[PDB]
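K.L.:
First the structure, which I've put down as structure tokens, then a few questions once you've had a look.
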Amino acid sequence: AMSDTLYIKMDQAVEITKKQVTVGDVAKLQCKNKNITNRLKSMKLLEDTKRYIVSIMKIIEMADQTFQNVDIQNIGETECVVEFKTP
């Protein structure tokens with residue numbers, strides 16, 4: 001019986017030019033099991049069409065909803081301001 005440990009360090013603020021912001025645009029990830037971070041890196045958090053705050057709990061809900069035996073350890077911020085450029 002093996003649980004994967006996922007380490008999350010979210011940024012405080014992020015400037016984004018893109019159409020979509022993903023978990024990886026917002027936080028650095030580490031897991032020994034790369035299937036975990038590869039999937040989570042790319043998951044849509046939100047799509048552009050000014051600034052949107054992301055809660056760590058949203059990312060955790062997502063990981064818990066996506067993955068089987070993955071417990072999370074939060075290393076970083078709990079709230080993050082994403083601001084879209086291209087004005």
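Chain identifiers are assigned as A, B, and so on, following the order in which chains appear in the structure tokens; residues are numbered from 1 within each chain, and ligands are numbered from 1 in order of appearance.
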Based on DSSP run over this structure's backbone, return all residues of segment 10-71 of chain A in strand (DSSP E), as a list in words.

P.N.:
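So, restricting segment 10-71 of chain A to strand (DSSP E), we get residues 10, 13, 14, 15, 16, 20, 21, 22, 27, 28, 29, 30, 31, 44, 45, 46, 47, 51, 52, 53, 54, 55, 70 and 71 of chain A.
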
K.L.:
Could the residues in this selection be written to a file with N, CA and C atoms, as a short mmCIF file (atom, residue, chain, number, x, y, z; two decimals), in the first residue's frame?

P.N.:
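The resulting file, result.cif, is reproduced below:
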```
data_model
loop_
_atom_site.label_atom_id
_atom_site.label_comp_id
_atom_site.auth_asym_id
_atom_site.auth_seq_id
_atom_site.Cartn_x
_atom_site.Cartn_y
_atom_site.Cartn_z
N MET A 10 2.61 27.29 -4.01
CA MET A 10 1.97 28.24 -4.87
C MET A 10 2.63 29.61 -4.71
N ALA A 13 1.59 36.00 -6.45
CA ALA A 13 0.93 36.68 -7.56
C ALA A 13 1.51 36.17 -8.87
N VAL A 14 0.74 36.23 -9.96
CA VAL A 14 1.25 35.78 -11.23
C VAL A 14 0.70 36.60 -12.40
N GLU A 15 1.60 37.00 -13.30
CA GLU A 15 1.18 37.71 -14.49
C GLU A 15 1.12 36.74 -15.67
N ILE A 16 0.00 36.75 -16.39
CA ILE A 16 -0.25 35.74 -17.41
C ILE A 16 -0.72 36.41 -18.67
N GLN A 20 -5.40 30.51 -21.29
CA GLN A 20 -5.71 29.76 -20.07
C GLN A 20 -4.58 29.77 -19.06
N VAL A 21 -4.93 29.77 -17.78
CA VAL A 21 -3.99 29.61 -16.70
C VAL A 21 -4.12 28.21 -16.12
N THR A 22 -3.04 27.47 -16.04
CA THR A 22 -3.08 26.13 -15.45
C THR A 22 -2.39 26.10 -14.10
N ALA A 27 1.85 27.40 -9.63
CA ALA A 27 2.53 26.72 -8.54
C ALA A 27 3.60 25.81 -9.09
N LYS A 28 4.68 25.67 -8.32
CA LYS A 28 5.65 24.59 -8.55
C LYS A 28 5.25 23.28 -7.90
N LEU A 29 5.52 22.16 -8.56
CA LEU A 29 5.05 20.87 -8.02
C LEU A 29 6.20 19.90 -7.85
N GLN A 30 6.11 19.00 -6.88
CA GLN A 30 7.05 17.87 -6.79
C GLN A 30 6.31 16.63 -6.36
N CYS A 31 6.43 15.57 -7.13
CA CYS A 31 6.05 14.29 -6.61
C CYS A 31 7.03 13.27 -7.16
N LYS A 44 -6.62 22.87 -16.29
CA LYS A 44 -7.21 24.20 -16.39
C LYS A 44 -7.66 24.64 -15.00
N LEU A 45 -7.26 25.84 -14.60
CA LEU A 45 -7.73 26.47 -13.36
C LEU A 45 -8.82 27.48 -13.70
N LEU A 46 -8.63 28.10 -14.87
CA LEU A 46 -9.48 29.15 -15.39
C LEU A 46 -8.95 29.63 -16.75
N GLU A 47 -9.84 30.28 -17.49
CA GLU A 47 -9.60 30.83 -18.84
C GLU A 47 -9.92 32.34 -18.90
N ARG A 51 -8.18 40.06 -13.11
CA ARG A 51 -7.42 39.27 -12.16
C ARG A 51 -8.33 38.35 -11.35
N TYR A 52 -7.81 37.17 -11.02
CA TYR A 52 -8.59 36.12 -10.40
C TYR A 52 -7.75 35.54 -9.31
N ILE A 53 -8.33 35.39 -8.14
CA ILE A 53 -7.54 34.87 -7.06
C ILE A 53 -7.74 33.35 -7.04
N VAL A 54 -6.66 32.61 -6.79
CA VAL A 54 -6.75 31.17 -6.66
C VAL A 54 -6.44 30.79 -5.22
N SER A 55 -7.31 29.95 -4.68
CA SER A 55 -7.13 29.37 -3.38
C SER A 55 -6.41 28.04 -3.50
N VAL A 70 -3.02 9.97 -3.12
CA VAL A 70 -2.18 11.11 -3.26
C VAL A 70 -2.51 12.04 -2.12
N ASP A 71 -1.63 12.13 -1.15
CA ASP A 71 -1.82 13.17 -0.15
C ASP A 71 -0.89 14.34 -0.36
#
```

K.L.:
Counting only C-alpha atoms, which of A:80, A:1, A:49, A:43 gets nearest to residue 65 of chain A?

P.N.:
A:43

K.L.:
Write out as an MDAnalysis selection string all residues of chain A that DSSP puts in alpha helix (DSSP H) for this structure's backbone.

P.N.:
chainID A and resid 34:41 56:66

K.L.:
Measuring atom to atom with only C-alpha atoms, identify which of A:34, A:85, A:19, A:58 is nearest to residue 7 of chain A.

P.N.:
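Of the candidates, the smallest distance to residue 7 of chain A is held by A:34.
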
K.L.:
Provide the atom CA of residue 36 of chain A to atom CA of residue 48 of chain A distance in Å, to one decimal place.

P.N.:
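Between atom CA of residue 36 of chain A and atom CA of residue 48 of chain A the gap works out to 25.5 Å.
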
K.L.:
Work out how far apart atom CA of residue 11 of chain A and atom CA of residue 37 of chain A are and give it in Å to one decimal.

P.N.:
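Pair atom CA of residue 11 of chain A / atom CA of residue 37 of chain A returns 16.5 Å.
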
K.L.:
If we count only C-alpha atoms, what is near residue 42 of chain A at a cut-off of 7 Å, once residues fewer than 3 positions away on the same chain are taken out, given as a PyMOL selection string?

P.N.:
chain A and resi 22-24+38-39

K.L.:
Using only C-alpha atoms for the distances, tell me which of A:73, A:86, A:5, A:78 is nearest to residue 35 of chain A.

P.N.:
A:5

K.L.:
To one decimal in Å, tell me the separation between atom CA of residue 72 of chain A and atom CA of residue 4 of chain A.

P.N.:
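These atoms are spaced 8.5 Å apart.
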